[PDB]
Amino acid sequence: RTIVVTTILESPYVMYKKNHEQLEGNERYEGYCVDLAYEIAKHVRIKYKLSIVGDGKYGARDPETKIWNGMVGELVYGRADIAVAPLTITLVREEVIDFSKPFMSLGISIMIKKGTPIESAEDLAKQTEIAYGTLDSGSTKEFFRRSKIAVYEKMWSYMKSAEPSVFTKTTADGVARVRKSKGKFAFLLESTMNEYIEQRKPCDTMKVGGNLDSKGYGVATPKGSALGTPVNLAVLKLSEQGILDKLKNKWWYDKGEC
């Protein structure tokens, strides 16, 4: 009767509240997906408990063991009933889990430290003075790995072999690396995260250029699960009532520091 909602610590989607160590259960957390989970659970009429995914990953299949990790894995192996997180709707995932229609629309983007001489993916691909990378084990990495587009192929060949590794284990590590590298590292990440960081002190990074693709995040359920339909309709209702727009404003812009 209490359903398990797997999610991930990723600002501003899910973050610890300032006094979290003095709190328990759902009250430990705040952010866009915490609010999204509350609203969906209210429409679908369920009790639920937030659970930060143990391995801190979004979800990918190990090509050897064929085992899924991350939140995708929580759903696949029946350890979580729903995932409410910035989880990208992709073909390979759609084969093994279900997704609501998108609750946010976004694309892969470039983050630079301000002043960096880079305006586009082409600009990065044609030089080597500025290193660039992505989050490990997520959809952005897979994008470069799978792309058959020339410039992206070129970027992948550079990233796959770059030493020291340019694949970070969290988005926050990528951001720090941009910020500490004096313009010699750029980060490839989703425009939503990029746009949030750009609005936060020290206000030293910015998104450059257009997005590389157009896609969306979806609330996910195990394949064939009974919750999938209600959740989907809940997402569409929140979209049409403007709640999703409201929440984006709340967590990105209303508190903008730059």
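One rule holds for the numbers: they count along the sequence shown, beginning at 1.
When the mean C-alpha temperature factors of 59 to 67 and 185 to 193 are read from the deposited coordinates, 59 to 67 comes out higher. When the mean C-alpha temperature factors of 196 to 204 and 212 to 220 are read from the deposited coordinates, 196 to 204 comes out higher. Looking only at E163, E74, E142, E94, the residue with the top Cα B factor in the deposited structure is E163. Residue-level inspection of the entry shows that, of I52, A226, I40, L233, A226 has the top Cα B-factor. Among all modelled residues in this chain, the alpha-carbon of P117 has a temperature factor (C-alpha) in the highest third. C258: CA B factor lies in the highest third for its chain, per the PDB record. In this PDB entry, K154 carries a Cα temperature factor that places it within the highest third of its chain's modelled residues.
The deposited CA B-factor of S137 belongs to the highest third of values across its chain. Split the chain's modelled residues into thirds by C-alpha temperature factor. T128 is in the highest one.
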